[PDB]
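As provided, final27.txt (compact mmCIF, C-alpha atoms and all ligand atoms) reads as follows.
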```txt
# COMPACT_ATOMS: atom_id res chain seq x y z
CA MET A 1 -12.34 -10.32 -3.56
CA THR A 2 -9.96 -10.80 -0.64
CA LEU A 3 -9.15 -7.12 -0.29
CA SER A 4 -6.13 -5.81 1.61
CA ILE A 5 -4.23 -2.58 1.91
CA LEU A 6 -0.43 -2.80 1.53
CA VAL A 7 1.52 0.27 2.69
CA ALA A 8 4.65 1.71 4.30
CA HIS A 9 4.06 4.73 6.50
CA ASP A 10 6.19 6.63 9.00
CA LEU A 11 5.45 7.72 12.56
CA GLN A 12 3.29 10.54 11.22
CA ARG A 13 1.79 8.45 8.44
CA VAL A 14 3.88 10.00 5.70
CA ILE A 15 3.97 7.61 2.71
CA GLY A 16 5.59 9.78 0.06
CA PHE A 17 7.45 12.89 -1.03
CA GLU A 18 7.54 14.35 -4.52
CA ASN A 19 6.06 11.17 -5.99
CA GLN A 20 8.78 9.06 -4.37
CA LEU A 21 9.21 7.13 -1.13
CA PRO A 22 11.04 9.25 1.43
CA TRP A 23 13.15 6.33 2.69
CA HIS A 24 15.36 3.63 1.23
CA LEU A 25 14.53 0.24 2.77
CA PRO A 26 15.30 -2.91 0.71
CA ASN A 27 13.68 -5.27 3.25
CA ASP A 28 10.29 -3.59 2.73
CA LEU A 29 10.62 -4.02 -1.01
CA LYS A 30 11.32 -7.68 -0.24
CA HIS A 31 8.28 -7.80 2.05
CA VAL A 32 6.09 -6.39 -0.74
CA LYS A 33 7.40 -8.84 -3.33
CA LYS A 34 6.74 -11.81 -1.06
CA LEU A 35 3.21 -10.74 -0.05
CA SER A 36 1.87 -9.83 -3.50
CA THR A 37 3.61 -12.46 -5.62
CA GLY A 38 0.98 -14.37 -7.60
CA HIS A 39 -1.66 -11.82 -6.64
CA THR A 40 -3.05 -8.49 -7.79
CA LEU A 41 -1.86 -4.92 -7.16
CA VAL A 42 -4.25 -2.00 -7.61
CA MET A 43 -2.63 1.44 -7.66
CA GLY A 44 -3.53 4.98 -8.72
CA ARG A 45 -1.92 6.58 -11.76
CA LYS A 46 0.72 8.66 -9.92
CA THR A 47 1.91 5.65 -7.98
CA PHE A 48 2.25 3.82 -11.28
CA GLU A 49 4.18 6.67 -12.94
CA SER A 50 6.45 6.72 -9.90
CA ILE A 51 7.31 3.05 -10.32
CA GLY A 52 7.39 3.66 -14.08
CA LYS A 53 6.68 0.08 -15.18
CA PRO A 54 4.63 -3.00 -14.22
CA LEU A 55 5.95 -5.17 -11.39
CA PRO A 56 6.83 -8.61 -12.79
CA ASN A 57 4.89 -11.77 -11.94
CA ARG A 58 1.86 -9.91 -10.57
CA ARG A 59 -1.31 -8.67 -12.14
CA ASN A 60 -0.88 -4.87 -12.23
CA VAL A 61 -4.03 -2.76 -12.19
CA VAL A 62 -4.09 1.02 -12.57
CA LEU A 63 -6.96 3.33 -11.66
CA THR A 64 -7.08 6.48 -13.76
CA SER A 65 -9.60 8.73 -15.47
CA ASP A 66 -7.43 8.73 -18.62
CA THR A 67 -9.23 6.85 -21.45
CA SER A 68 -5.98 6.96 -23.46
CA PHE A 69 -4.20 4.86 -20.86
CA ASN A 70 -3.08 1.58 -22.40
CA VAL A 71 0.24 0.36 -21.07
CA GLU A 72 1.73 -3.03 -21.88
CA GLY A 73 1.40 -5.40 -18.92
CA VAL A 74 -1.15 -3.30 -17.07
CA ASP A 75 -4.89 -3.68 -16.76
CA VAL A 76 -6.75 -0.37 -16.55
CA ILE A 77 -9.85 0.43 -14.53
CA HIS A 78 -11.71 3.75 -14.41
CA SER A 79 -13.86 3.35 -11.35
CA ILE A 80 -13.40 2.35 -7.73
CA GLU A 81 -16.33 -0.04 -8.21
CA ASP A 82 -14.22 -1.95 -10.73
CA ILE A 83 -11.96 -3.16 -7.91
CA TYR A 84 -14.60 -5.44 -6.40
CA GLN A 85 -14.81 -7.44 -9.63
CA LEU A 86 -11.11 -8.31 -9.57
CA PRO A 87 -10.71 -11.98 -8.54
CA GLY A 88 -8.18 -13.36 -6.08
CA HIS A 89 -6.28 -11.61 -3.33
CA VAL A 90 -6.19 -7.93 -4.27
CA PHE A 91 -3.77 -5.50 -2.58
CA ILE A 92 -4.53 -1.77 -2.58
CA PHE A 93 -1.04 -0.56 -3.30
CA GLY A 94 -1.36 3.22 -3.20
CA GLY A 95 -1.20 6.04 -3.22
CA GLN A 96 -2.79 8.43 -0.74
CA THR A 97 -5.91 8.97 -2.82
CA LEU A 98 -6.62 5.26 -3.17
CA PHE A 99 -5.87 4.55 0.51
CA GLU A 100 -8.42 7.24 1.47
CA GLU A 101 -10.99 5.73 -0.85
CA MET A 102 -10.45 2.16 0.28
CA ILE A 103 -9.47 2.10 3.96
CA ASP A 104 -13.12 1.67 5.05
CA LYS A 105 -13.70 -1.12 2.49
CA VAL A 106 -10.74 -3.42 3.07
CA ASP A 107 -10.70 -6.58 5.18
CA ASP A 108 -7.18 -6.09 6.44
CA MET A 109 -3.96 -4.08 6.14
CA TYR A 110 -0.29 -4.98 5.83
CA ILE A 111 1.47 -1.91 7.17
CA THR A 112 5.18 -1.39 7.51
CA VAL A 113 5.60 1.25 10.23
CA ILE A 114 8.77 3.18 9.51
CA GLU A 115 9.92 4.27 12.96
CA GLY A 116 11.05 7.73 11.89
CA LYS A 117 9.75 11.16 10.95
CA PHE A 118 10.31 12.04 7.30
CA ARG A 119 9.37 15.11 5.28
CA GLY A 120 6.29 14.13 3.27
CA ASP A 121 3.62 15.54 1.01
CA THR A 122 1.36 12.49 0.93
CA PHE A 123 -0.16 10.60 3.85
CA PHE A 124 -1.95 7.44 4.92
CA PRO A 125 -5.41 8.21 6.43
CA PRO A 126 -5.69 8.28 10.22
CA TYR A 127 -6.90 5.04 11.83
CA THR A 128 -7.37 3.70 15.40
CA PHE A 129 -6.10 0.43 16.88
CA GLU A 130 -9.47 0.48 18.61
CA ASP A 131 -10.77 -0.77 15.26
CA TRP A 132 -7.97 -3.05 14.15
CA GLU A 133 -6.72 -6.27 15.62
CA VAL A 134 -2.98 -6.86 15.59
CA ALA A 135 -2.81 -10.25 13.84
CA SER A 136 0.97 -9.99 13.90
CA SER A 137 3.73 -7.47 14.66
CA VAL A 138 7.27 -8.34 13.61
CA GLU A 139 10.28 -6.03 13.98
CA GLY A 140 12.36 -5.76 10.84
CA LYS A 141 16.01 -6.68 11.10
CA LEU A 142 18.45 -3.77 10.84
CA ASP A 143 21.81 -3.93 9.09
CA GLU A 144 24.15 -2.07 6.77
CA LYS A 145 21.48 -1.95 4.04
CA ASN A 146 18.42 -1.42 6.26
CA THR A 147 19.09 1.28 8.82
CA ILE A 148 15.71 2.73 9.80
CA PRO A 149 13.86 0.74 12.50
CA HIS A 150 10.60 -0.69 11.11
CA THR A 151 7.78 -3.02 12.04
CA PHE A 152 5.61 -5.21 9.85
CA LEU A 153 2.00 -5.14 11.03
CA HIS A 154 -0.83 -7.28 9.80
CA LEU A 155 -4.05 -5.62 10.99
CA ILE A 156 -7.54 -7.09 10.72
CA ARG A 157 -10.73 -5.06 11.04
CA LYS A 158 -12.58 -5.79 14.30
CA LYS A 159 -16.22 -6.81 14.22
CA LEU A 160 -18.67 -4.55 16.01
CA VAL A 161 -20.44 -6.65 18.61
CA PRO A 162 -22.81 -5.83 21.48
CA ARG A 163 -21.13 -5.52 24.88
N1 LIG B 201 4.80 4.26 1.36
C1 LIG B 201 3.88 3.45 0.64
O1 LIG B 201 3.64 2.30 0.94
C2 LIG B 201 3.31 4.00 -0.61
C3 LIG B 201 2.39 3.14 -1.50
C4 LIG B 201 2.30 3.67 -2.95
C5 LIG B 201 2.68 5.11 -3.28
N2 LIG B 201 3.28 5.94 -2.27
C6 LIG B 201 3.31 7.30 -2.71
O2 LIG B 201 2.04 8.01 -2.70
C7 LIG B 201 2.18 9.21 -3.55
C8 LIG B 201 1.08 9.47 -4.54
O3 LIG B 201 -0.21 9.50 -4.00
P1 LIG B 201 -1.38 10.22 -4.80
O4 LIG B 201 -2.66 10.22 -4.02
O5 LIG B 201 -0.94 11.70 -5.04
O6 LIG B 201 -1.62 9.56 -6.23
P2 LIG B 201 -2.16 8.10 -6.55
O7 LIG B 201 -3.20 7.61 -5.52
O8 LIG B 201 -1.04 7.11 -6.80
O9 LIG B 201 -2.95 8.23 -7.90
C9 LIG B 201 -3.55 9.45 -8.23
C10 LIG B 201 -4.54 9.24 -9.33
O10 LIG B 201 -5.28 7.94 -9.36
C11 LIG B 201 -6.60 8.35 -9.91
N3 LIG B 201 -7.80 7.91 -9.27
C12 LIG B 201 -7.96 7.87 -7.95
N4 LIG B 201 -9.33 7.54 -7.70
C13 LIG B 201 -9.97 7.41 -8.94
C14 LIG B 201 -11.29 7.10 -9.28
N5 LIG B 201 -12.28 6.86 -8.26
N6 LIG B 201 -11.63 7.03 -10.56
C15 LIG B 201 -10.70 7.27 -11.55
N7 LIG B 201 -9.39 7.57 -11.21
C16 LIG B 201 -9.06 7.64 -9.92
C17 LIG B 201 -6.23 9.52 -10.80
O11 LIG B 201 -5.57 9.31 -11.98
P3 LIG B 201 -5.78 10.31 -13.17
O12 LIG B 201 -5.42 11.75 -12.70
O13 LIG B 201 -4.77 9.91 -14.30
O14 LIG B 201 -7.22 10.17 -13.58
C18 LIG B 201 -5.51 10.29 -9.78
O15 LIG B 201 -5.10 11.57 -10.04
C19 LIG B 201 3.67 9.32 -3.88
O16 LIG B 201 4.40 10.34 -3.29
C20 LIG B 201 4.22 7.94 -3.73
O17 LIG B 201 5.57 7.75 -3.57
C21 LIG B 201 3.83 5.36 -1.07
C1 LIG B 202 9.70 -0.52 -1.92
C2 LIG B 202 8.36 -0.74 -1.28
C3 LIG B 202 7.31 0.36 -1.31
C4 LIG B 202 5.94 -0.06 -0.76
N1 LIG B 202 6.00 -0.62 0.48
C5 LIG B 202 4.91 -1.08 1.12
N2 LIG B 202 5.04 -1.67 2.43
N3 LIG B 202 3.70 -0.98 0.55
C6 LIG B 202 3.54 -0.45 -0.67
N4 LIG B 202 2.18 -0.39 -1.19
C7 LIG B 202 4.66 0.05 -1.41
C8 LIG B 202 4.36 0.64 -2.80
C9 LIG B 202 5.57 1.06 -3.65
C10 LIG B 202 6.43 0.07 -4.15
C11 LIG B 202 7.53 0.44 -4.92
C12 LIG B 202 8.51 -0.61 -5.47
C13 LIG B 202 8.13 -1.70 -6.26
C14 LIG B 202 9.25 -2.69 -6.67
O1 LIG B 202 10.33 -2.26 -6.99
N5 LIG B 202 9.00 -4.11 -6.64
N6 LIG B 202 7.75 -4.51 -6.26
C15 LIG B 202 7.48 -5.92 -6.18
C16 LIG B 202 8.21 -6.72 -7.22
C17 LIG B 202 7.62 -7.91 -7.78
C18 LIG B 202 8.33 -8.64 -8.74
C19 LIG B 202 9.61 -8.22 -9.16
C20 LIG B 202 10.18 -7.05 -8.62
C21 LIG B 202 9.46 -6.31 -7.63
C22 LIG B 202 10.03 -5.06 -7.02
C23 LIG B 202 10.92 -5.50 -5.83
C24 LIG B 202 12.42 -5.75 -6.08
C25 LIG B 202 12.96 -7.05 -5.43
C26 LIG B 202 13.42 -4.77 -6.48
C27 LIG B 202 7.77 1.81 -5.19
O2 LIG B 202 8.89 2.12 -5.95
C28 LIG B 202 10.14 2.12 -5.32
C29 LIG B 202 6.91 2.80 -4.70
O3 LIG B 202 7.13 4.15 -4.95
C30 LIG B 202 6.07 5.05 -4.92
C31 LIG B 202 5.80 2.42 -3.93
```

Before we go any further, please render this structure as structure tokens.
Amino acid sequence: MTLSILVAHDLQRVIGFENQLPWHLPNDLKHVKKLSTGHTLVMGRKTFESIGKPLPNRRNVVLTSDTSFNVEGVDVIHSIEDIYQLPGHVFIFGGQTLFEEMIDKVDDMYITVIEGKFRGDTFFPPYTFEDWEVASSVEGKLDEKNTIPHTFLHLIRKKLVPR
């Protein structure tokens, strides 16, 4: 319905390594909890297995081809097309495969740019700021617990108009 991407990627758009996040950043976890609370998270199967259980107080939706999939607290879908029937604010939550499938369909993106270069094996698709308006850009606060510089972006797809 209202369709957003929600993602953390590094300076080279790495989002993951060995089915885990490359970095430890509690503030971003806090950012995710705040944004998606009361809403819906759609994620691919590997992302779900990585987390290992549903996130509380959210509708959790998992896209998989596995007809045997029936986890407590999770709604299953089997097609991309299923996503557009989900009501409310829906966040595309990962991973790489779902980002690639959805980045041209979403209204907007909440991206946490991790200002570092990590070793990765999964990536967020390339995108241009030519196409995305910076609705907001907020530096994350560093401290003892959060030690990689990072920036919370809210990007909104630009309309194509005649010049
Ligand atoms: N930094 C971030 O913000 C962020 C966000 C989330 C995850 N990540 C990460 O991203 C990584 C995983 O990415 P990934 O691409 O390999 O896996 P993934 O997107 O999480 O999910 C992979 C799977 O979802 C399925 N799927 C995708 N499209 C489908 C369709 N059209 N119809 C039916 N099923 C479909 C399949 O499940 P089946 O094989 O069971 O059919 C597929 O193999 C990890 O390393 C992880 O840590 C990071
Ligand atoms: C950690 C953030 C990763 C990420 N970042 C961004 N920007 N986009 C994103 N789309 C994600 C996705 C993402 C997520 C997570 C973590 C989820 C999680 O542990 N919570 N999610 C919300 C939630 C809701 C209710 C209760 C508890 C939680 C809990 C937060 C705590 C306070 C403990 C994750 O596991 C570490 C992970 O690994 C592949 C990926």

For chain A versus ligand LIG 201 (chain B), which residues have an atom no more than 7 Å away, and what is each residue's nearest atom pair and distance in Å rounded to one decimal, using all atoms listed in the file, chain-then-number order, as JSON lines?
```
{"residue": "A:6", "atom": "CA", "partner": "B:LIG201", "partner_atom": "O1", "distance": 6.6}
{"residue": "A:7", "atom": "CA", "partner": "B:LIG201", "partner_atom": "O1", "distance": 3.4}
{"residue": "A:8", "atom": "CA", "partner": "B:LIG201", "partner_atom": "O1", "distance": 3.6}
{"residue": "A:9", "atom": "CA", "partner": "B:LIG201", "partner_atom": "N1", "distance": 5.2}
{"residue": "A:15", "atom": "CA", "partner": "B:LIG201", "partner_atom": "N1", "distance": 3.7}
{"residue": "A:16", "atom": "CA", "partner": "B:LIG201", "partner_atom": "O16", "distance": 3.6}
{"residue": "A:17", "atom": "CA", "partner": "B:LIG201", "partner_atom": "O16", "distance": 4.6}
{"residue": "A:18", "atom": "CA", "partner": "B:LIG201", "partner_atom": "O16", "distance": 5.2}
{"residue": "A:19", "atom": "CA", "partner": "B:LIG201", "partner_atom": "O16", "distance": 3.3}
{"residue": "A:20", "atom": "CA", "partner": "B:LIG201", "partner_atom": "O17", "distance": 3.6}
{"residue": "A:21", "atom": "CA", "partner": "B:LIG201", "partner_atom": "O17", "distance": 4.4}
{"residue": "A:43", "atom": "CA", "partner": "B:LIG201", "partner_atom": "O8", "distance": 6.0}
{"residue": "A:44", "atom": "CA", "partner": "B:LIG201", "partner_atom": "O9", "distance": 3.4}
{"residue": "A:45", "atom": "CA", "partner": "B:LIG201", "partner_atom": "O9", "distance": 4.3}
{"residue": "A:46", "atom": "CA", "partner": "B:LIG201", "partner_atom": "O8", "distance": 3.9}
{"residue": "A:47", "atom": "CA", "partner": "B:LIG201", "partner_atom": "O8", "distance": 3.5}
{"residue": "A:48", "atom": "CA", "partner": "B:LIG201", "partner_atom": "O8", "distance": 6.5}
{"residue": "A:50", "atom": "CA", "partner": "B:LIG201", "partner_atom": "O17", "distance": 6.5}
{"residue": "A:63", "atom": "CA", "partner": "B:LIG201", "partner_atom": "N7", "distance": 4.9}
{"residue": "A:64", "atom": "CA", "partner": "B:LIG201", "partner_atom": "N7", "distance": 3.6}
{"residue": "A:65", "atom": "CA", "partner": "B:LIG201", "partner_atom": "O14", "distance": 3.4}
{"residue": "A:66", "atom": "CA", "partner": "B:LIG201", "partner_atom": "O13", "distance": 5.2}
{"residue": "A:78", "atom": "CA", "partner": "B:LIG201", "partner_atom": "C15", "distance": 4.6}
{"residue": "A:79", "atom": "CA", "partner": "B:LIG201", "partner_atom": "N6", "distance": 4.4}
{"residue": "A:80", "atom": "CA", "partner": "B:LIG201", "partner_atom": "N5", "distance": 4.7}
{"residue": "A:93", "atom": "CA", "partner": "B:LIG201", "partner_atom": "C3", "distance": 5.4}
{"residue": "A:94", "atom": "CA", "partner": "B:LIG201", "partner_atom": "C4", "distance": 3.7}
{"residue": "A:95", "atom": "CA", "partner": "B:LIG201", "partner_atom": "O7", "distance": 3.4}
{"residue": "A:96", "atom": "CA", "partner": "B:LIG201", "partner_atom": "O4", "distance": 3.7}
{"residue": "A:97", "atom": "CA", "partner": "B:LIG201", "partner_atom": "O4", "distance": 3.7}
{"residue": "A:98", "atom": "CA", "partner": "B:LIG201", "partner_atom": "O7", "distance": 4.8}
{"residue": "A:121", "atom": "CA", "partner": "B:LIG201", "partner_atom": "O16", "distance": 6.8}
{"residue": "A:122", "atom": "CA", "partner": "B:LIG201", "partner_atom": "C7", "distance": 5.6}
```

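For the pair atom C26 of ligand LIG 202 (chain B) and atom CA of residue 31 of chain A, the separation is 10.4 Å.
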
Measuring atom to atom with only C-alpha atoms, identify which of A:12, A:70, A:27, A:37 is nearest to residue 147 of chain A.
->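 Smallest distance to residue 147 of chain A is found for A:27.
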
Return the padded bounding box of ligand LIG 202 (chain B) as AutoDock Vina command-line options: axis-aligned, built from all atoms listed in the file, 6 Å added on each side, with centre and edge lengths in Å to one decimal.
```
--center_x 7.8 --center_y -1.8 --center_z -3.4 --size_x 23.2 --size_y 25.7 --size_z 23.6
```

Contacts of residue 131 of chain A at 7 Å (all atoms listed in the file; same-chain gap of 3+ positions) as a PyMOL selection string = chain A and resi 128+157-158

Of the candidates A:22, A:140, A:162, A:52, which shows the shortest atom-to-atom distance to residue 118 of chain A, using all atoms listed in the file?
->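 Looking only at the distances to residue 118 of chain A, the closest residue turns out to be A:22.
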
If you measure from atom CA of residue 107 of chain A to atom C20 of ligand LIG 202 (chain B), what distance in Å do you get, rounded to one decimal?
->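 Straight-line distance from atom CA of residue 107 of chain A to atom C20 of ligand LIG 202 (chain B) works out to 25.0 Å.
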
Between A:163, A:24, A:150, A:58, single out the one closest to residue 114 of chain A, counting all atoms listed in the file.
->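 That would be A:150, the residue with the smallest distance to residue 114 of chain A.
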
Do a neighbour search on residue 136 of chain A at 9 Å with all atoms listed in the file, toss out local chain neighbours closer than 5 positions, and write the hits as a ChimeraX atom specification.
-> /A:152-155

Just-selected residues, C-alpha atoms written as an mmCIF file, keeping the file's coordinate frame:
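What landed in out37.cif:
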```
data_model
loop_
_atom_site.group_PDB
_atom_site.id
_atom_site.type_symbol
_atom_site.label_atom_id
_atom_site.label_comp_id
_atom_site.auth_asym_id
_atom_site.auth_seq_id
_atom_site.Cartn_x
_atom_site.Cartn_y
_atom_site.Cartn_z
ATOM 1 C CA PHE A 152 5.610 -5.210 9.850
ATOM 2 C CA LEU A 153 2.000 -5.140 11.030
ATOM 3 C CA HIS A 154 -0.830 -7.280 9.800
ATOM 4 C CA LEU A 155 -4.050 -5.620 10.990
#
```

9 Å contact set for residue 25 of chain A, all atoms listed in the file, chain neighbours under 5 positions out, as a compact mmCIF listing (two decimals) with C-alpha atoms, in the coordinates of the input:
```txt
# COMPACT_ATOMS: atom_id res chain seq x y z
CA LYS A 145 21.48 -1.95 4.04
CA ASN A 146 18.42 -1.42 6.26
CA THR A 147 19.09 1.28 8.82
CA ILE A 148 15.71 2.73 9.80
```

Go through A:82, A:130, A:68, A:112 and flag the residue nearest ligand LIG 202 (chain B), using only C-alpha atoms and all ligand atoms for the distances.
-> A:112

Provide segment 112-124 of chain A rebuilt to N, CA and C atoms, formatted as a JSON list (two decimals), in the coordinates of the input.
```
[["chain", "number", "residue", "atom", "x", "y", "z"],
["A", 112, "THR", "N", 3.83, -1.44, 6.98],
["A", 112, "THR", "CA", 5.18, -1.39, 7.51],
["A", 112, "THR", "C", 5.34, -0.01, 8.17],
["A", 113, "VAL", "N", 5.39, 0.02, 9.50],
["A", 113, "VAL", "CA", 5.60, 1.25, 10.23],
["A", 113, "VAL", "C", 7.07, 1.57, 10.20],
["A", 114, "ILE", "N", 7.40, 2.67, 9.55],
["A", 114, "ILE", "CA", 8.77, 3.18, 9.51],
["A", 114, "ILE", "C", 8.95, 4.05, 10.75],
["A", 115, "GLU", "N", 9.81, 3.62, 11.67],
["A", 115, "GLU", "CA", 9.92, 4.27, 12.96],
["A", 115, "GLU", "C", 10.77, 5.53, 12.90],
["A", 116, "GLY", "N", 10.36, 6.47, 12.05],
["A", 116, "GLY", "CA", 11.05, 7.73, 11.89],
["A", 116, "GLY", "C", 10.08, 8.80, 11.44],
["A", 117, "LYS", "N", 10.55, 10.04, 11.40],
["A", 117, "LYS", "CA", 9.75, 11.16, 10.95],
["A", 117, "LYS", "C", 10.42, 11.72, 9.72],
["A", 118, "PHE", "N", 9.77, 11.56, 8.57],
["A", 118, "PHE", "CA", 10.31, 12.04, 7.30],
["A", 118, "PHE", "C", 9.53, 13.25, 6.83],
["A", 119, "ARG", "N", 10.13, 14.07, 5.99],
["A", 119, "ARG", "CA", 9.37, 15.11, 5.28],
["A", 119, "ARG", "C", 8.50, 14.45, 4.20],
["A", 120, "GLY", "N", 7.20, 14.72, 4.23],
["A", 120, "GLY", "CA", 6.29, 14.13, 3.27],
["A", 120, "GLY", "C", 5.34, 15.13, 2.66],
["A", 121, "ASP", "N", 4.69, 14.73, 1.57],
["A", 121, "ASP", "CA", 3.62, 15.54, 1.01],
["A", 121, "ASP", "C", 2.40, 14.69, 0.71],
["A", 122, "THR", "N", 2.51, 13.39, 1.00],
["A", 122, "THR", "CA", 1.36, 12.49, 0.93],
["A", 122, "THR", "C", 1.29, 11.63, 2.19],
["A", 123, "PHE", "N", 0.08, 11.25, 2.57],
["A", 123, "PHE", "CA", -0.16, 10.60, 3.85],
["A", 123, "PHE", "C", -1.16, 9.45, 3.79],
["A", 124, "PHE", "N", -0.96, 8.47, 4.67],
["A", 124, "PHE", "CA", -1.95, 7.44, 4.92],
["A", 124, "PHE", "C", -3.03, 8.02, 5.85]]
```
